Amino acid sequence: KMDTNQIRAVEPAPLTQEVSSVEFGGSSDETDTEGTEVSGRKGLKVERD
Amino acid sequence: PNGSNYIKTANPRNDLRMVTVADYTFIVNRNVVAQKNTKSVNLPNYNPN
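Within the PDB entry, the label attached to chain B reads Tail tubular protein gp12, and the organism entered is Escherichia phage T7. The record lists the entry's title as "portal-tail complex of DNA-ejected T7".

In the nomenclature of the PDB entry, chain A corresponds to Protein 6.7 from the organism Escherichia phage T7. UniProt's Subcellular location comment on chain A is quoted here verbatim: "Virion".

This is the structure we're talking about:
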């Protein structure tokens, strides 16, 4: 015979904020890795102390 | 630090080729043959299935 409030209390599944996608190579740039990502003559130059 | 075994040459005049970009110089030993690094695979075996 069901329940009166049970139907109303049911709510849909919640929101998913972000959608996953493929990130092809070359999109990532200028990260915090110590590996050499600085490009051009700027990377080769080293300051004198 | 990395070590000298690259410079060690019987006749360094013909064997060494360098270009000086802004800060530091790239050095080639003409006789030394480049070799791919085995035993550095991304995943050793990785049965895909």
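A. Spotlight on the interface of chain B and chain A. Between chain B and chain A, the contact holds five residues from the first and four residues from the second. Buried area between chain B and chain A, summed over both chains or domains, comes out near 390 Å², and the portion from carbon and sulfur atoms is 74%. The interface formed by chain B and chain A holds zero salt bridges in total. Summed over the shared surface of chain B and chain A, the result is zero residue pairs in polar contact. Residue composition of the side of chain B that touches chain A, by class: four nonpolar, no polar and one charged.

B. Inspection of unusual backbone geometry at higher detail. The backbone of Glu30(A) shows a phi angle near 50°, a positive value even though the residue is not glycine. Structurally, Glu30(A) can be placed in the loop between α1 (4–9) and α2 (41–44). Non-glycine residue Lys39(B) carries a positive phi angle of around 55°. Looking at where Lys39(B) falls in the secondary structure, it is placed in the segment after β2 (25–29).

Analysis parameters
Residues numbered from 1 in each chain as written, not as in the entry; some residues may be left out. Chains lettered and ligands numbered in written order. Part of a larger assembly, values for the part shown. Heavy atoms only, no water. UniProt positions renumbered as here; feature names shortened; annotations may be inferred. Contact = heavy atoms within 4.5 Å. Buried area = accessible area lost by both parts, 1.4 Å probe. Salt bridge = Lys/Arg side-chain N within 4 Å of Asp/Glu carboxyl O. Polar contact = N/O pair within 3.5 Å; in protein donor to acceptor, adjacent residues only side chain to side chain. Nonpolar A, V, L, I, M, F, W, Y, C, P; charged D, E, K, R; others polar. Helix = DSSP H or I, 4+ residues; strand = E, 2+ residues; numbered from the N terminus.

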